[PDB]
Structure formats: structure tokens, C-alpha cells
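A closer look at the structure
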Amino acid sequence: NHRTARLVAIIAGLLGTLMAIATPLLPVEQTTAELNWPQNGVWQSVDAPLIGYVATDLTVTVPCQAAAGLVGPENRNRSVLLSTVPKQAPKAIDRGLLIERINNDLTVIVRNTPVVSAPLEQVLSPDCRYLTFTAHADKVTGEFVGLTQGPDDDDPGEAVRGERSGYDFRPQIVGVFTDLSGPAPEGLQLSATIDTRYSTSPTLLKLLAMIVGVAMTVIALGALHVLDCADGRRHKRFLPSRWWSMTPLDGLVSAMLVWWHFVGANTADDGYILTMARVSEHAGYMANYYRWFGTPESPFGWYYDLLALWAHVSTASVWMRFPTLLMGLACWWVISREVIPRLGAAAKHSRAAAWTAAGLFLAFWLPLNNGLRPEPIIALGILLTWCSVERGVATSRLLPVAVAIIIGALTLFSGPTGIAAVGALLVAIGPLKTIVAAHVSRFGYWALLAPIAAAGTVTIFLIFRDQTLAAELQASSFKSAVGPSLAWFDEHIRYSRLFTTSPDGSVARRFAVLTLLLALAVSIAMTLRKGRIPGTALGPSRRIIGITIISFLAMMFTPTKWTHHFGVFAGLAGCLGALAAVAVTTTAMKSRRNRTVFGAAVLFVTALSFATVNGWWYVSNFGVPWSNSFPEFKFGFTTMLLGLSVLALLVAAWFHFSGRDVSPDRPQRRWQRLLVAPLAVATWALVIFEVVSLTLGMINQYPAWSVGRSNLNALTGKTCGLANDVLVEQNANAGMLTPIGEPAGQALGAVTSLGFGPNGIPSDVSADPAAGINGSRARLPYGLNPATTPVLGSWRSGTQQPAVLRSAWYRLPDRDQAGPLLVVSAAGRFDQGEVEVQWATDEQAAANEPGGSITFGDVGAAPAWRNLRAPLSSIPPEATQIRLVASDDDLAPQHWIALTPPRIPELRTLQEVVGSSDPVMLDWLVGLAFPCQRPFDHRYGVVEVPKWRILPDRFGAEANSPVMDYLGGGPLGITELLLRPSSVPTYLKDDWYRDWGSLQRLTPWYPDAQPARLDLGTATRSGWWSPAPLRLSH
Amino acid sequence: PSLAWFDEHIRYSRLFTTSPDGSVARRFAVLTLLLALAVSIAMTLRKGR
Ligand SMILES: CC[C@@H](CO)NCCN[C@@H](CC)CO
Ligand SMILES: [Ca+2]
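Residues numbered from 1 in each chain as written, not as in the entry; some residues may be left out. Chains lettered and ligands numbered in written order. Part of a larger assembly, values for the part shown. Heavy atoms only, no water. Residues with missing side-chain atoms left out of burial classes, pairs and counts.

cryo-EM is the method the PDB entry lists for this structure, together with a resolution of 2.81 Å.

Here's the deal with the overall build of chain B
Scanning chain B from N- to C-terminus turns up two helices and zero strands. Here the C-alpha coordinates of chain B stretch approximately 45 × 25 × 10 Å along the principal axes. Counting all 49 residues of chain B, 8% fall into the buried class. (Helix = DSSP H or I, 4+ residues; strand = E, 2+ residues; numbered from the N terminus. Buried < 20%, exposed > 50% of the residue type's maximum accessible area, 1.4 Å probe, protein only.)

Regarding the coordination of the calcium ion (ligand 2)
Coordination of the calcium ion (ligand 2) by the protein involves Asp888(A) (OD) and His895(A) (O), with metal-donor separations of 2.7 to 3.2 Å. The same class applies to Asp888(A) as to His895(A), namely buried. (Donors = N, O, S within 2.8 Å, 3.2 Å for Na, K, Ca; no water.)

Structural notes on the pattern of salt bridges
Residues and elements named next belong to chain A. Within the structure shown, the criterion is met by 28 salt bridges over all chains. Between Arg373 and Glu375 there is a salt bridge whose closest N-O contact spans 4.0 Å. Across this residue pair, the class does not change: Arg373 and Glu375 are buried. For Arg994, the salt bridge goes to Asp991, with nearest N and O atoms at 2.5 Å. Among the residues examined, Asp991 registers a relative accessible area of 17% and is labelled buried. Ionic contacts of the salt-bridge type, sharing partners, join the residues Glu143, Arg161 and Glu163 into one network. (Salt bridge = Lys/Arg side-chain N within 4 Å of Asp/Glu carboxyl O.)

Here's the deal with the sheet that holds strand β25 (residues 884-887) of chain A
Residue and element names in this part refer to chain A. Reading across from one edge, β15-β17-β25-β20-β21 is the order of the five strands in this open sheet, with antiparallel pairing throughout. One side of each edge strand has no neighbouring strand; the edge strands of this open sheet are β15 (752-754) and β21 (854-855). Direction of pairing for β15 relative to strand β17 (residues 804-806): antiparallel, over a ladder of three bridges. Considered in β17, the bridge of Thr752 is made with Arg806. (Pairing = 2+ DSSP bridges.)

Re the side chain of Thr275(A)
Residue and element names in this part refer to chain A. As for its placement among the helices and strands, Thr275 is situated in helix α5 (residues 271-283). For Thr275, the side chain forms a polar contact with the side chain of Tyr290, separated by 3.3 Å. Ignoring anything within four residues of it in the chain, the contact list for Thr275 reads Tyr289, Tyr290 and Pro935. (Polar contact = N/O pair within 3.5 Å; in protein donor to acceptor, adjacent residues only side chain to side chain. Contact = heavy atoms within 4.5 Å.)

Section: a nonpolar patch on the surface
Taken together, the side chains of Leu204(A), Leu207(A), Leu208(A), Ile211(A) and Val212(A) make up a nonpolar region of the molecular surface, amounting to roughly 470 Å² of accessible area. Of note, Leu207(A) is situated in helix α3 (residues 204-228). (Patch = residues over 30% accessible without salt bridge, like charges linked within 9 Å, V, L, I, M, F, W, Y side chains within 5 Å. Areas by Shrake-Rupley, 256 points an atom, 1.4 Å probe, with all protein chains shown as cover.)

A look at the pairing of strand β9 (residues 130-135) of chain A
Residues and elements named next belong to chain A. Here strand β4 (residues 57-61) runs beside β9; their pairing, made up of four bridges, is antiparallel. Across the sheet, the residue bridging to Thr59 is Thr134, located in β9. As judged from the six bridges shared by β9 and strand β10 (residues 139-145), these two strands associate in the antiparallel manner. Paired with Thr132 across the two strands is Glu143, which belongs to β10. Counting the residues between successive antiparallel strands, the hairpin from β9 to β10 contains three residues.

A word on the interface of chain A and chain B
Across the contact, 15 residues belong to chain A and ten residues belong to chain B. Of the roughly 1100 Å² buried at the junction of chain A and chain B (both faces included), carbon and sulfur atoms supply 66%. Scanning the region where chain A abuts chain B turns up zero salt bridges. Where chain A meets chain B, there are two residue pairs in polar contact. Every element with two or more residues in the side of chain A that touches chain B is listed here: α17 (492-498), α18 (507-529), α21 (592-609) and α22 (637-658) of chain A. In terms of residue count, α18(A) provides more of the side of chain A that touches chain B than any other element does, four residues in total. Tallied by class, residues from the side of chain A that touches chain B come to nine nonpolar, four polar and two charged. (Buried area = accessible area lost by both parts, 1.4 Å probe. Nonpolar A, V, L, I, M, F, W, Y, C, P; charged D, E, K, R; others polar.)

A short note on the site of ligand 1
Lining the immediate surroundings of ligand 1 are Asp269(A), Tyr272(A), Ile273(A), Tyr304(A), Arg373(A), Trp562(A), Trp924(A) and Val963(A). Computed on the free molecule, ligand 1 has an accessible area of 410 Å², of which 76% lies beneath the protein chains in the complex. (Near = heavy atom within 4 Å.)

Looking at the packing of aromatic side chains
All names here are of chain A. Under the definition given, this model contains 33 aromatic pairs over all chains. Seen from their ring centres, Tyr289 and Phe936 are 5.3 Å apart, and the 45° between their planes marks the pair as tilted. Judged by its relative accessible area of 5%, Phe936 is buried. One aromatic cluster is present, built from ring pairs that chain together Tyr272, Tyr289, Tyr290, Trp924 and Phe936. One residue, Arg337, lies across the ring of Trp333, its end atom 4.0 Å from the ring centre. It is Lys634 that lies over the ring of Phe633; its NZ or CZ is 5.9 Å from the centre. (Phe/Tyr/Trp six-rings, centres within 6.5 Å; stacked < 30°, edge-to-face > 60°. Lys NZ or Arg CZ within 6 Å of the ring centre and 35° of its normal.)

Okay, structure coming up:
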């Protein structure tokens, strides 16, 4: 109550609003970086892979006598004079630049289309002084400076050139490669300015504007509080009343949250966000790493920098997901201490409301919010927005309304799914009008509405603290043009994915969404039928229902329609659980006909939930019951629950036609007390189902790896993840067994071989990432030496006769210097028991008798080379000599079999082979299971060349690799041209027949290509500056 | 081809395609029927009738 607090509020609020409007347009400081190619004055290939795929400018100028060492005798395999891609790549011709020599003409192919050409003896003339070339976003142009055309289609005497316009013909650069070796001549200057438009930094003026704007916003809200305390009333607390205490229900919810934090399924996007947050410190900005050309997360993701600071202690999965655990605890304590005692007296004194609020909270939290996504932030922000607004209405004060505006604008920019907070923002307009219209008669309009504007615009200092306005606008338009962006009428796709048979449409997610819709419909029907739900307050009940409906309507304007975007309803679900429990009791709903119909509806949506699989994501699915089939004991849970639903309808019809009630009949029993809360029983039954299913998944694979076993190992060191339980053989030529009779040639097909193909495999289908010891000419996988490994086969191009193969006797090693596996490699499509092992002792093989038989098992895509494996625990400890055996059961020419000799591999773990220092190309799924391995960096538009690659399993790799491909951005558009892959044998340490994924080596085409060095500078740019358009690959 | 009772979402998934099954006329008819039914149910709940 002072005039000074009425002047300070106006002045500070207007200054904060002006400094917030001004700050996206203030200058920055770009770091300019260009590539001048001849580094030390010699012909040497360099390696500079650009992340935006193209430079904003390119200029090469080759003299005449540079190409003197390009033609001569027939000892010249030297084709290219200059390139921006390695010529050995399959896609090198239709993506980059070449000044390659076709047989007698020196031509430069740019983006698959020729630009200029000339005969080579005319280039080596004393004319043709240059080979000027230039590339831009509108035209490319080449020119032989010195000569003209001859007797051809063009008239001679026109000074030969070539231009291509009307399309973006800029070449992709992954380095500058060549095929010469001498000292470089004069001239010969390639130059390219790299697009480092996001490598900015604030200037002094922008930094002072951000500091002064935040200070003025704080001073304006302090003056707003001094105005609000004019009526004589003091503080006396901040928190609710029963905050520092525990009950049994709080202990139960806390125990379920902690145990799900350890043995719990994770979401899909955790390695994505962890890899982004790990590389963003060296990059200097927050780039989206797997897609869209290195464009940043432009207004969204203010908290990824907090995750990047949080990850300096350790990158373990129990450490990185600990703020999400704290958000879940805070969310339930806000629900039970602030919302439920606010919704009335019948909601506050009843216990069934508390139990079903806890149940719907856990049923939304557990399948949907165990990760690094922005979903818990948005859920807790919607609750805190509603609680601040609801406290502003009661005490009739404006400062909690301004705090709610700050929190709502803060959670609006967590992710694109944060648009659900506009429900809690739009419901808070009527209350704000009611509060402002009461105070305006003694303070005014400016003094009450300038801190509201300052608090509304304080978030622009957080969005635009690193980027400019032009960068974020053009990047958002470009991401909408390139990537997957569905419109508002494609909202049915989210609900079509909810009803699939996949991890998107599993039991838990489907149950959560259908139970939310049921509780919302019952609350709306009881609000329409009576005036309100009877024992509850009017305003808060209305505002809960309105916020939930506007959240459902606002969720259709998101660019992607996924199923894990329903995790924003985890705070509203406890509130609707309390309302839908009060709306069902005998005090509110008086007829038992209606209560039996509601119980039947609960049973019907529970029946509809179990009509799918118990499927979870990538490695959360190991060992889980019913993870690939419908849950059933003998019939199916869905048919049993449908029968119970029909029986409940028949009981309701008998209640209808008999004309009977309950109030002088059933006072209280124990099952009658259990029966009146259908939502509590259904929600806690599904919560116990989920928790017990992942605990049993952890128990079924105990010596093998599981998610929960790694999270419980992490309490005692061992924070590497899956990298300790994957065995890797580097050299696949090491543990070959030795035969007893003839040497290592024909000893594969020693004693019986009819239909044996030493070159009898199809050369076209059998392919994986001369002369042989068997006379073979086939390609061997996994780095097998053709001079030591014989190959047989069972394929032919004529009429097919049956084939029987029977090997020689192979000596077995000692039982301490032997690995856990016996491996043969095999190609072709065949059945389970086609290839077998036949072990014997010394005297059993001297008598030529079987002695035993085990069968190989297989993991792999057929018909390509794969590894067949069998443990040595299946071979009894008295066996000394083994022998292979094979037979093809007809099935026409397409069916076949290929075979190599037996091998006991010498295995090391993946943490010892792939260390913690080499750059690894991780996929966007394999990020939280491999936390010790580091991804590759990028600093000024140039990326670091990886050495390894880790993939998911085959079903997961063939459906998720189009995120990272060439058509969307992606680092698989760079390594597709620069590097060649090579598979490595890898086995899961105790669950040998499981497809965990795969590992690859990445080898350069030119091994003598050093990294480049860039010439750095500093330029002061403005807030609307833009160097060049963003080229989209189409 | 015989789908079960829990495959009832497939009829609406076909209604929201871009094909002669999900054309303008059929989609308008079904959505207008659902709108009129919801308004009738809401007015029957709110008042007596
Ligand atoms: C195609 C993969 C999807 C989800 O499955 N990832 C969504 C993108 N992740 C966002 C941040 C988690 C970045 O835009
Ligand atoms: Ca055959």
C-alpha cells in the first residue's frame, strides 16, 4: 500500500517488456571457417565431412600442367584429378563433384550432370591456362580458360563454358580427394566457406539487454507483491498443511516408484536425448544430431543444457533418470496434499478417492514417463499452473497468477507436446478478470497489467539466449518442409497406433487411455445430470473438467502423432480419479442399477485392454511373459472379462425389472466394501500386473543380461550397461579346429560329399558387409581367409539331386583353454535339424559309430552368411573328436546350404574391444544400454570420423534407420560415402540364441587421408542475417 | 476374412482414409450422426427431457 510500489511496477514492467521484445534482433558474433585445400604444398587427400552437406560457396581453379601426371602408359589407373567424394563409393557420382578423366576427355561431373569438357591433348596444349569452376545456390559454372570449341555442334570461337541454373546443384563434400602424389604446382586453390551459421555467441549489447530485462522482471513482480499485500493479511506459510508427514498410501506409491526406477522399462527416446546432450557442449550449440542437417532445437529444449551439466557426474541409467523420479514424487505429493483437499469435503474424507487417484497416477506414470522425455516436466507444470491459478482465485491476489503465467510459458517450450498447457492458460482468463476488476478501483490499469506483460515475456530471454531470430524461423520452416509433419486432421493416426499389436499399442498404454476417457465421461455426465458432483466444490471441479477437455483438443496440433504423448495427462489423472470416485458412491449415485452398469463398463474397457501383446521397447522386452502373444491361461483374458461384463449387464437388468434397491439391505460387509470402488480395483490390478511382469522378466534371464540386473549392478560399480555382456571375436581365423586325417583342404568334405559346390553358391544373394584352398572363388564374410578356409555348398543351376555331406574327425581342445561356443558359418535357406554335430571318443571313432548328436541353432537373415552356434556344455565331457553332417530335403533349386569348417572362437567383451575413447556411431535406440561408449563430435560444421557402429536387431534396424538416412539429414548420408562397413561376430554372454543387435567396423576408402585444418575468423552479424538458402535433398 | 469384436476400430480407420471408403459424403454422414446423438444425450441428461 504505497505509491512507490505503484510507480516501480509500471516502470519495471514496461522496461522488461521492451527489453524482451528487443532481444531476438540484437547482434551476435559468428565464427567463420573456410577450407583451403593444399595444406603443405603437396598432393595429399584430406578428410573434412560437412554436417550441413554443402558449403555456402565453392571455388576451384586448376592449371594445365597439373593434369600432366594423368595420362601416359597403361600403368595409369589414376583417374580423378580432384573430387569431393571418394570415387569408390556407389553414390559418389550422383551426389558430389569429380574432375575425373573419362577415357580421352577431361570432364567435371557435378551432381550427375556434365558441366564442361575438353580433349586431353588440347588441354595439354600451351593454351588452356586454367580450369576455373564456381558453385553457388543458383548457378554452377566451369570454364577452360584459353581454348574454344572445334568442328562440333557449337560454333568454334565461343570460349568454352558450361552453366546449370534453375536448380540447386551444390555438391556434397566429405573431404577433398585426389590420385596424384607430387609437389603441387602454382595456382591450384580450392576454397569453400563452411556454413557455420549456428556457431554464434552473444555480443555485449545482447548480454546487457538480457541481464537488465531479467532484473526488471524480478523488480516488477516484487512491486506486484507489495501491491497485493495492501489488504492486511500476512504470509504464515508457503506450503500446504500436512506436507511433512507420511501415510501408508504414500509409502506404497513411493515403493512402487522406486522399484520401477530400478526394474523398469524405458521409453524409446532416451539414447536420442542422451547423445544430443552429450555432444552439445563441444559443438557449442544444441543441435539435433540424427536428423535435419545440423539445424538446432530452435525454440524447444531449454533443459537439455541442464541434462548436459547433470551428466558430468556419471552417464549411468540410474543417475540420468533420477530427476524424473523426483518429479514423480513431487507430482504425487502435490496431488495428495494440494488438489484432493481442495476438491471438497466428500473428496477429502473418503479413502476410495485416494486409492483410485493413486491408481490412475501410477497407471499413467509407469508405462509412459520412465525416461528423459519432456513429459514429466509438462505434467508437473500443468499441475503447478492449475494450483497457482487456484490459489490466486481464493486469496484474491495477482502474484500467483503471474507465477502461473511464468510456469505455463516455461513448460510451453519444453517440447512440441507442451501445447497442452494452453488449457490451464485459457481457463485462467475468467478468474484473472474477476481478480483485476476488484483491485482496479485503487491502483489502476497500468499498475496491475504491466507486470503481467513482463512475466509473460520473460521466456524470450531463455529461448533466444544463443540463437538469432532468422536462424530459428528459417530452421523451423525448413524442418516443417523436410521432416515428418502431419496436419491437424491426421489426429486419428495417434488412436490408430494405440490399437495396433506392437509396443505402441500394448496393454498398459491402452488401459491408461481408456480408463482416462471412462472417468472423464462419468464426471461430465454427473456434472450435467445434477447441478454438480454433490459433496464437492463447484469452481475447482468445473476447472478440472475444462482443462482436461481443452488439453485433449489442443493435443491435435502437434507435428508428430505418437502414443507416448499421452504422458502429459499423468497429473490430471489423479484429479479425475478423485472426481470419478466421488461421482460413483451411494451418496452421489443413488440407484444400484446405475452402479452395476458402471461396473460393467469398467469390465468392458478392461476386456478391451487385454486384446494385444505385453510388448515393451528395445531391451526392456527380454524375458517378459506374453511379450509376443495375447495373455491367456487356457482361453484368453479378454473373453473371460467380456463374459463377466455381460453377466454384470444381466444383473443390472434384474435390478431394473425387479424394482429393488440397497439402502435397507446391504449396510456394510468386506467384499461389499471392496465392490463399490471399481476403478481402484481395476487400476491397482493393472499396476500390479505391469510391475510383476517386468520383475519376472528380470528373474527369467538371471545369468543373462536384463535391464533390472544392470541397474542393480550399478550400485556397486559396473556402470557400462550391455557392453560387459556382449562377447566379440576380433580375428575370425583364430580358433579353427584341426583334423585327424587329411590336411585343411578337402577335410571338410572328406569321407562323403555328393553335390558339393566349391563354387556352388549363388553369387548375387549371398553378400554381407580368384583362387582358394578348395579351388573356391567365393567371397567370405567376417574376415575369413580364403587361402585357409575351404567352402562347400549345395546349390546348382540345373536339375537338383539330393546331397549328403559328412566331414572328417576334428580334434577337440582341453576344457580350460576352450571358449563357451562351437561355431560354424553357413549360408542359404534351410531347416532346423539339417546340420548336426556327431561327437565321439577315440575308440568310438576308431569303430566309426555315431556316439551322439546335437543341433545348431540360428540367429540371422537367410539366406546370407551367418553363424551357427552350440555350447560346449551340450557336448559331454568325454567326447574328444567331432564331425559335421548335412542333408538337403529337396524343396527345389532355391533351397540350399553352404558350409565352412568348425571353430571355437576366442572371445573378448565389447568394452575391451570398443573402448571408451574411440568415436562410435550409435543409433538413436542404442544409447542408454551403451553409456560408456562415446559418440562422435562436430564443432564447426565438420564432423569427426567414427570407427565403429552399433545397431539394433534386424526388425528394429529395418524400421528405424530411415530416421538417419540421406533424405532427412542424418549421419548415414555422410558415412555412406566416406566409409565402408564390415561385420564383426558378436554373441550375448549367456543367452546365446538371442538377437541383441550387431556391431560393424568402419574403414575409410582412402587410408592416407588426414583430417583437414580450418582457417578461423570472427565476424559480427545482425539478428536477421542469413548467408544462403538451406538445401533440402528431394 | 473374419475379424473379432475387438477389431471394431478398423471400420473407423477405414472411414478416415483417403479413398472411396473415406470420402467426403460418408465421413460427413457418420460425424453428423454422432454430433446429433451427443446433443440429444446431453439435453436428456441436463434437463429431465
Ligand atoms: C522417429 C523417432 C521419434 C520417436 O519415436 N523420436 C522423436 C524425436 N525426438 C525429439 C526429441 C526427443 C526430436 O525431435
Ligand atoms: Ca536343393
